[PDB]
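Computed from the coordinates by the stated procedures, all read-outs in this text should not be read as laboratory data. As a convention, Cβ positions derive from the backbone with ideal geometry for all residues, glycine included, and neighbour counts pool all protein chains shown.
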Amino acid sequence: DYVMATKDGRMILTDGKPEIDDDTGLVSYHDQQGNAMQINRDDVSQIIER
């Protein structure tokens, strides 16, 4: 999906389609600006039924 609901409950509009580095727990997502940034796995709340 294209929305990342996070720990704080805030819905982040994403390009979607995130890549998680499962060796540490960093989630590489794409923001609206087309930015590939990494957030915390624990900060990832609701993406979709995984």
Response to the item:
Among residues of the stretch 2-13 being under 13 Å from residue 45 (Cβ atoms) and in a strand (DSSP E or B), the residue farthest from the chain's Cα centre (by Cα) is 11
Worksheet item: Which members of the stretch 1-16 meet the condition of being among the basic types (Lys, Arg) and either touching a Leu at 6+ places or on another chain (Cβ under 7 Å) or surrounded by 11 or more Cβ atoms within 10 Å (Cβ to Cβ) (or both)?
Response: 7
Item to complete: Name the single residue, out of those in the stretch 1-25 being touching a residue at least 24 places away in the same chain (Cβ under 8 Å) and small (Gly, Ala, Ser), that is farthest from residue 48 (Cα to Cα).
Response: 9
Worksheet item: Are any residues in the stretch 31-50 under 13 Å from residue 3 (Cα atoms) and either of a type in the set (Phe, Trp, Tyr) or touching a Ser or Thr at 6+ places or on another chain (Cβ under 6 Å) (or both), and if so, which ones?
Response: 45
Item to complete: Give the residue, chosen from 34, 25, that is touching a helix residue (DSSP H, G or I) at 6+ places or on another chain (Cβ under 8 Å) and of a type in the set (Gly, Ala, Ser).
Response: 25
Practice prompt. Could you check how many residues of the stretch 14-29 are over 8 Å from the mean Cα position of the chain (by Cα) and either assigned to a strand (DSSP E or B) or among the hydroxyl-bearing types (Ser, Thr, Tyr) (or both)?
Written response: 5
Worksheet item: Hey, among the residues in the stretch 30-50 that are assigned to a strand (DSSP E or B) and small (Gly, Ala, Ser), which one's surrounded by the most Cβ atoms within 10 Å (Cβ to Cβ)?
Response: 45
